Amino acid sequence: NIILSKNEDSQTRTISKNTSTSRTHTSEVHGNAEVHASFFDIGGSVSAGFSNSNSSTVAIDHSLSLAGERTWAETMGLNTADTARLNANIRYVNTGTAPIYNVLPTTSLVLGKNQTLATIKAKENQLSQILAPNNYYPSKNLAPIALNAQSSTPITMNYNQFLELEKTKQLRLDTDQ
Amino acid sequence: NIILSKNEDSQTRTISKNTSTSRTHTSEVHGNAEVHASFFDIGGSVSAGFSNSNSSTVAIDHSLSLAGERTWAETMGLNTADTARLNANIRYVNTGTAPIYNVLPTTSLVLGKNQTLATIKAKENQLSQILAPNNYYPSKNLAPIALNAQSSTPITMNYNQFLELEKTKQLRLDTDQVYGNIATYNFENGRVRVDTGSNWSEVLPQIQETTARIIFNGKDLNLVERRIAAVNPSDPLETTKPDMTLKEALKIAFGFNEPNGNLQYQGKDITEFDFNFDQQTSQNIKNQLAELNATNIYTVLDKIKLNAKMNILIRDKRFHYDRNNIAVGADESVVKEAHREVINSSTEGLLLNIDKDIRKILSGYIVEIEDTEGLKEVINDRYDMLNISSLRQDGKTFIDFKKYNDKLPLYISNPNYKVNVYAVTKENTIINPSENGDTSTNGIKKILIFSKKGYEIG
Amino acid sequence: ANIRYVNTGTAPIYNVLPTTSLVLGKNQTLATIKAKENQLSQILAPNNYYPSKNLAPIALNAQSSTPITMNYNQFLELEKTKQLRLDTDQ
Amino acid sequence: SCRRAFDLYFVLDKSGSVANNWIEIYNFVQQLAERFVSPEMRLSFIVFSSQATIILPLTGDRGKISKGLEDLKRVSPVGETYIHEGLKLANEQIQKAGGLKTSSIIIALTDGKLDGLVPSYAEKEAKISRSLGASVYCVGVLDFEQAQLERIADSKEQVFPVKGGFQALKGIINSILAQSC
Ligand SMILES: [Mg+2]
Numbered sequence: 297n298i299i300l301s302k303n304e312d313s314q315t316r317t318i319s320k321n322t323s324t325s326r327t328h329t330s331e332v333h334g335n336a337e338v339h340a341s342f343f344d345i346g347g348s349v350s351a352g353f354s355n356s357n358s359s360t361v362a363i364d365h366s367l368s369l370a371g372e373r374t375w376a377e378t379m380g381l382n383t384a385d386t387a388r389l390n391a392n393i394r395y396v397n398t399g400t401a402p403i404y405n406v407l408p409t410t411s412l413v414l415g416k417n418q419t420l421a422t423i424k425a426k427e428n429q430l431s432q433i434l435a436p437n438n439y440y441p442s443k444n445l446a447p448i449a450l451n452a453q457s458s459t460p461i462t463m464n465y466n467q468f469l470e471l472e473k474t475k476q477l478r479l480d481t482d483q
Numbered sequence: 297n298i299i300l301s302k303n304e312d313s314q315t316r317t318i319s320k321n322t323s324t325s326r327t328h329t330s331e332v333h334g335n336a337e338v339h340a341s342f343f344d345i346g347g348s349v350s351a352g353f354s355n356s357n358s359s360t361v362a363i364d365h366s367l368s369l370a371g372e373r374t375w376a377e378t379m380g381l382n383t384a385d386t387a388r389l390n391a392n393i394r395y396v397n398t399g400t401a402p403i404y405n406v407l408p409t410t411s412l413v414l415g416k417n418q419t420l421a422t423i424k425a426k427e428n429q430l431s432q433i434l435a436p437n438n439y440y441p442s443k444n445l446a447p448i449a450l451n452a453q457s458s459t460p461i462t463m464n465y466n467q468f469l470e471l472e473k474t475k476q477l478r479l480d481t482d483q484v485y486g487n488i489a490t491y492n493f494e495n496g497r498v499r500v501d502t503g504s505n506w507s508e509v510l511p512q513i514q515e516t517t518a519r520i521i522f523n524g525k526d527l528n529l530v531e532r533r534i535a536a537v538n539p540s541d542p543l544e545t546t547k548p549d550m551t552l553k554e555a556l557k558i559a560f561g562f563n564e565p566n567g568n569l570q571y572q573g574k575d576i577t578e579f580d581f582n583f584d585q586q587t588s589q590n591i592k593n594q595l596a597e598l599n600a601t602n603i604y605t606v607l608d609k610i611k612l613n614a615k616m617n618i619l620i621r622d623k624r625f626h627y628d629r630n631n632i633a634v635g636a637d638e639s640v641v642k643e644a645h646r647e648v649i650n651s652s653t654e655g656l657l658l659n660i661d662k663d664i665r666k667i668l669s670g671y672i673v674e675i676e677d678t679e680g681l682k683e684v685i686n687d688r689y690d691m692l693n694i695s696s697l698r699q700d701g702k703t704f705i706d707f708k709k710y711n712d713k714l715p716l717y718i719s720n721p722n723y724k725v726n727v728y729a730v731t732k733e734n735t736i737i738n739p740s741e742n743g744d745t746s747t748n749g750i751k752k753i754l755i756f757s758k759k760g761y762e763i764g
Numbered sequence: 391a392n393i394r395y396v397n398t399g400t401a402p403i404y405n406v407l408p409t410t411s412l413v414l415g416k417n418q419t420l421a422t423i424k425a426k427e428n429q430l431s432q433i434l435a436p437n438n439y440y441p442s443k444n445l446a447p448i449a450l451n452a453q457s458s459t460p461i462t463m464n465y466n467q468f469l470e471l472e473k474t475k476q477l478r479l480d481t482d483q
Numbered sequence: 038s039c040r041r042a043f044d045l046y047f048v049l050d051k052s053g054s055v056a057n058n059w060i061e062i063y064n065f066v067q068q069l070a071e072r073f074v075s076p077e078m079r080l081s082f083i084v085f086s087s088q089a090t091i092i093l094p095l096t097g098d099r100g101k102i103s104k105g106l107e108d109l110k111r112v113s114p115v116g117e118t119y120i121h122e123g124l125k126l127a128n129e130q131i132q133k134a135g136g137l138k139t140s141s142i143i144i145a146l147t148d149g150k151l152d153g154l155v156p157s158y159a160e161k162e163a164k165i166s167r168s169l170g171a172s173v174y175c176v177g178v179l180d181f182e183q184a185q186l187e188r189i190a191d192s193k194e195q196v197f198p199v200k201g202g203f204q205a206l207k208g209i210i211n212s213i214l215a216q217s218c
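As you go down the protein sequences, you meet chains A, B, C and D in turn.
Numbered according to full-length UniProt numbering, the first sequence spans residues 297 to 304, 312 to 453, 457 to 483.
Numbered according to full-length UniProt numbering, the second sequence spans residues 297 to 304, 312 to 453, 457 to 764.
Numbered according to full-length UniProt numbering, the third sequence spans residues 391 to 453, 457 to 483.
Numbered according to full-length UniProt numbering, the fourth sequence spans residues 38 to 218.
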């Protein structure tokens with residue numbers, strides 16, 4: 297789940320919707336997407352549809368949270384010259400066949416096709432917990448890790467961006483190896 | 297792609320054009336460039352035309368981005384006493400035969416002949432990703448690395467500089483050779499380890515000092531490098547090596563084969579490529595063609611001894627070449643041929659299956675209309691209005707006349723005219739107005755690619 | 391200025407370059423150039439200029458917080474001979 | 038006060054967007070050249086799109102004037118909408134005649150449907166006209182952009198829709214003679 301709020312009496316000027324994440328495997332398009340000439344070369348752009356790289360995808364609960372709410376804008380109170388701070392609770396989860404014993408991955412949160420909203424990479428060796436197979440990192444029986452909330459530079463998001471977010475209600479999560 | 301902006312309400316005061324990069328291999332000049340006396344010395348300035356060093360070259364999309372934009376200046380709003388900040392998205396890409404497992408190269412971005420705009424060298428060990436062969440660093444399926452944008459000192463560029471940039475719309479990228487340590491085997495438990503004790507910087511010069519270098523461009527038009535285990539006469543040890551032949555070389559080095567007895571490459575015949583040697587290699591081979599009585603090397607090919615330090619440049623003889631040995635533009639003949647095929651003619655845009663190898667030497671197309679009498683009415687008549695040719699992921703080049711005609715399809719007042727759509731090779735294409743302000747396609751050397759009647763379309 | 395190290399001997403150097411000092415006259419040192427050690431992995435092979443003739447020549451105090462000071466009297470001498478000296482360690 | 042020598046500039050939008058109603062534009066340029074037939078009424082024709090051209094220079098010789106009308110008749114409206122460029126070829130003629138020392142009447146025929154920088158430059162290039170002792174007239178076609186035209190000409194008055202009971206010919210010719218003796 298994420299929690300959007302107007303960058304610093313404010314208690315209801317904040318929206319908090321749940322989210323549904325799920326590993327992905329983006330393939331190719333239909334057959335018209337203008338791709339640069341470097342597409343029919345050797346190795347160049349020839350991603351062969353799908354390759355090695357972890358990329359999850361979340362979707363923001365499009366349902367309601369309050370009464371007759373309408374347009375996150377009026378809900379929070381964001382105007383052209385305003386900044387919205389994003390925050391969320393996420394959990395690393397292994398899906399493979401082997402476990403990781405220390406340094407977790409450096410996953411980067413993206414919005415759209417290239418607008419990176421941040422890059423999460425919790426400290427190394429900081430944890431001794433084990434990321435076993437089919438087992439969510441912060442043990443489902445514990446407290447889910449929270450983005451920039453435990457830091458000196460939060461998550462900046464301008465009106466135009468905060469706008470897009472609403473237009474799709476979905477973010478992307480890419481993770482290294 | 298790069299993005300030029302006025303150094304810090313500013314949203315449209317910024318230009319963002321795409322770019323086309325490609326490894327290079329700059330050779331020598333014609334024969335008049337005043338070179339310092341230290342040119343005819345031993346090792347001094349005697350670069351032998353081309354040597355060891357990676358140097359790519361980018362070009363900035365000279366087409367349009369907005370409406371009637373003109374002179375980046377007025378577009379952004381840069382005046383004598385102003386500074387422009389540069390920024391771009393780049394990706395490291397390995398072209399060799401071995402991979403790098405950690406520290407990437409320290410590439411420096413240059414502008415002109417010596418004006419360095421910056422020196423990019425992302426942190427060491429910072430990455431654990433692998434720079435495998437024929438595989439772009441930031442996996443094509445990821446986010447391309449971005450220059451000074453993720457830093458405390460950006461990229462400074464004054465009016466005079468920002469001016470030059472526009473005058474050529476091209477930058478240069480030189481890269482060192484300091485690569486991370488190497489990954490070796492380990493018989494014991496058959497594991498792949500990265501020995502901190504062996505870094506290319508140690509075991510790499512040798513390769514260049516005891517092999518034959520051959521630059522071929524068959525897989526594409528991008529200069530591919532490879533070195534074969536040649537031999538040196540002055541070196542005892544280096545004689546223990548297997549004698550090498552230019553032929554045998556082109557077989558393992560790149561993959562040339564003998565289908566029916568003809569040393570060709572995936573179809574093309576070894577005779578379709580020009581052989582260019584350096585001051586040295588020239589003689590070393592000439593002396594062989596001598597004691598072998600012959601004038602055609604393609605014949606005594608399988609009898610040419612390749613000696614270490616030998617350099618050879620095998621490039622397709624079809625297209626023309628520039629100073630950096632790049633796919634510039636072929637002859638009208640080959641050009642027309644590639645377009646002979648048609649798939650769909652429309653008042654919106656032509657759909658063809660143009661050849662890849664060719665399309666790569668084309669800057670753009672000029673859409674016009676010839677009256678039944680002899681008029682030369684042209685649609686996109688501005689040098690910056692050549693940006694039309696698109697490309698579906700199906701491998702077919704999709705042209706569009708609408709991109710430069712009020713987003714509206716063709717206008718056929720008389721379905722008996724001649725929609726003349728020409729093609730402009732890179733070598734010919736222009737990027738800036740004439741001494742005056744001729745933003746027209748007047749002084750150009752285009753090539754006839756299409757010419758159907760009004761009723762022969764729709 | 392733009393200078394380039396160049397080996398003339400018979401053996402190559404693989405890392406730390408020399409600490410050459412720029413002098414003017416008989417003892418007036420104008421500076422002492424000694425680019426960082428290990429900073430480079432390039433090779434200073436025989437009869438082969440350091441910054442490969444096919445690259446960008448290294449430039450003195452131009453890529457630093459203390460440039461090269463030269464007073465009127467000095468700048469005067471420079472003109473009087475139009476020549477500087479370069480001594481290099483080993 | 039009043040004057041007798043007027044120089045009419047006919048900037049014509051020959052872009053694909055107005056490839057349908059080109060005749061109307063030609064008629065307006067024909068019904069206007071048919072009216073002012075004074076030897077002091079030097080006319081000039083111009084057509085823009087992907088780039089404007091000087092069809093008829095600034096002169097009062099029907100020998101070449103009719104010639105121009107014959108050319109404007111045989112025109113194929115196609116190409117982008119770079120109006121500013123046209124308005125420019127207009128001022129270039131003016132400033133070469135005397136600048137303020139010339140009473141000119143720039144008449145631009147277009148759909149007013151500009152895009153990107155064209156608007157900015159058009160509006161600016163237009164003021165560059167009124168900065169040379171000249172008046173700008175936006176005789177739009179089709180459901181043109183009244184708004185833009187306003188910012189292009191002097192005021193919302195010099196904006197006459199070709200379609201109407203000579204509202205254009207009348208309102209204009211009578212607005213031009215409102216300066217004659
Ligand atoms: Mg239009």
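All residues carry an ideal CB built from backbone N, CA and C; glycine is no exception.
Q) Which residues, in chain order, sit with a beta-carbon under 6 Å away from any heavy atom of ligand 1? A) Spelled out in chain order, the answer is B/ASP712, D/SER52, D/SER54, D/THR118, D/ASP148 and D/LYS150.
Q.
Applying the 10 Å Cβ sphere with the 16-neighbour rule, what's the burial state of B/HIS365?
A. Around the beta carbon of B/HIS365, 16 or more other beta carbons lie within 10 angstroms, which makes this residue buried.
Q: Starting from B/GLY486, follow its DSSP beta bridges and name the residues at the other end.
A: B/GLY486 is not bridged to any residue.
Q: Report all residues from its chain with a CB closer than 6 Å to the CB of A/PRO447; omit the five preceding and five following residues, and keep chain order.
A: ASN392, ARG394 and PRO441.
Q: Given a cut-off of 8 Å, decide if D/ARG40 and D/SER217 are closer than it, judged by their beta-carbon atoms.
A: Yes; because the gap between Cβ atoms is below 8 Å, this pair is in contact.
Q) Among B/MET463, B/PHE522 and B/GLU674, which one has its Cα closest to the Cα of B/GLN418? A) Residue nearest to B/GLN418 within the set B/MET463, B/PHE522 and B/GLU674 is B/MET463 (criterion: CA-CA distance).
Q.
Please report whether the beta-carbon of B/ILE649 lies at a distance below 8 Å from any beta-carbon of chain C.
A. Chain C, which has no Cβ nearer than 8 Å to the Cβ of B/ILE649, makes this no.
Q) Based on the DSSP secondary-structure assignment, which residues constitute the bridge partners of B/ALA391? A) When DSSP reads this structure, B/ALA391 sits in a beta bridge with B/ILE298.
**Q.** Span separating the alpha-carbon of A/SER319 from that of B/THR374
**A.** Cα-Cα distance, rounded: 48 Å.
Q. Where does D/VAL66 fall in DSSP's three states?
A. Residue state, collapsed to three classes: helix.
Q.
Our contact map puts B/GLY749 next to B/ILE705 with C-beta atoms below 8 Å; I'd like the distance itself, whole angstroms only.
A. Here B/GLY749 is actually not in contact with B/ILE705; their C-beta atoms are around 23 Å apart, not less than 8 Å.
Q. If the cut is a Cβ gap below 8 Å, which residues of chain B does A/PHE342 touch?
A. Within 8 Å Cβ-Cβ: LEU697 and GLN699.
Q. At least one CB of chain A closer than 8 Å to the CB of B/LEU445: is that the case?
A. With 8 Å as the cut-off, B/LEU445 counts as an interface residue toward chain A.
Q: Assign B/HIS645 to buried or exposed, taking buried as 16 or more other Cβ atoms, counted over all protein chains shown, within 10 Å of its Cβ.
A: Label assigned to B/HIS645: buried.
(Q) So if DSSP puts C/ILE448 in a beta bridge, which residue, or which two residues, is it bridged to? (A) DSSP, once it has assigned bridges, lists C/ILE393 as partnering C/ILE448.
Q. Mind checking if B/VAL509 is an interface residue toward chain C, Cβ cutoff 8 Å exclusive?
A. Not one chain C Cβ lies under 8 Å of B/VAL509.
**Q.** Nearest neighbour of residue 455 of chain C, chosen from C/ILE403, C/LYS443 and C/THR481 [CA to CA]
**A.** Within chain C, the sequence of modelled residues goes 453 then 457, so residue 455 of chain C has no position in this structure.
Q) Using CA coordinates, which residue listed in D/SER172, D/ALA42, D/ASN211 and D/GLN204 is at the minimum distance from D/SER192? A) For D/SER192, the closest of D/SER172, D/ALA42, D/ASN211 and D/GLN204 by C-alpha to C-alpha distance is D/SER172.
Q. Whose CA, out of B/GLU733, B/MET550 and B/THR324, lies closest to the CA of B/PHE625?
A. For the residues B/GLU733, B/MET550 and B/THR324, the minimum Cα distance to B/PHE625 belongs to B/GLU733.
Q. By the criterion of Cβ-Cβ separation under 9 Å, what are the contact partners of C/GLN432 in chain B?
A. Identification of chain B residues near C/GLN432 by a Cβ-Cβ cut-off of 9 Å yields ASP482, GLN483, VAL484 and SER507, ordered along the chain.
Q. Should B/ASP687 and B/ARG621 be called a contact, given that it needs their Cβ atoms to be closer than 8 Å?
A. Taking a C-beta distance under 8 Å as the contact criterion, B/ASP687 and B/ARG621 do not qualify as a contact pair.
Q | Cα-Cα separation between B/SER325 and B/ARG478, rounded to whole angstroms | A | Their backbone Cα atoms lie some 10 Å apart in a straight line.
**Q.** Close-in-space but distant-in-sequence residues of the same chain around D/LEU93 (CB under 6 Å, 5 per side omitted)
**A.** These residues qualify, in order along the chain: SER81, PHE82 and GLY105.
Q | Where D/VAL155 meets chain B, residues with beta-carbon distance less than 8 Å | A | When 8 Å is used as the limit between beta carbons, D/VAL155 is near these residues of chain B: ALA370 and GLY371, in chain order.
Q: Under 8 Å by Cβ, that's how I've got D/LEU146 and D/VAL178 pegged, so tell me the actual separation to the nearest angstrom.
A: Contact between D/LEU146 and D/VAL178 holds: CB atoms are separated by about 7 Å, below the 8 Å threshold.
Q) Leaving out five residues before and five after D/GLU117 in sequence, what residues of the same chain have Cβ atoms less than 7 Å from its Cβ? A) Cβ within range, chain order: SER52, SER86 and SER87.
Q: Give the DSSP-derived three-state secondary structure of B/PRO548 in the structure shown.
A: Residue state, collapsed to three classes: coil.
Q. Looking at the structure shown, is B/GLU508 part of a helix, part of a strand, or coil, going by DSSP?
A. Shown here, B/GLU508 sits in coil according to DSSP, grouped into three states, outside any helix or strand.
Q: List the endpoints of the continuous beta strand (DSSP E) containing B/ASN357.
A: Taken as a continuous stretch (DSSP letters only), the beta strand (DSSP E) holding B/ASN357 covers 357-362.
Q | Sheet register partners of D/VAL84 (DSSP bridge) | A | D/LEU49 and D/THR90.
(Q) Going by DSSP in three states, B/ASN428 sits in which element: helix, strand or coil? (A) Coil, per DSSP.
Q) So which of A/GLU377, A/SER356 and A/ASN297 has the shortest CA-CA distance to A/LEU469? A) Nearest to A/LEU469 by alpha-carbon distance, out of A/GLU377, A/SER356 and A/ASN297, is A/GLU377.
Q. For A/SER356 and chain B, any beta-carbon pair shorter than 8 Å?
A. Yes, A/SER356 lies at the interface with chain B (some Cβ there is under 8 Å from its Cβ).
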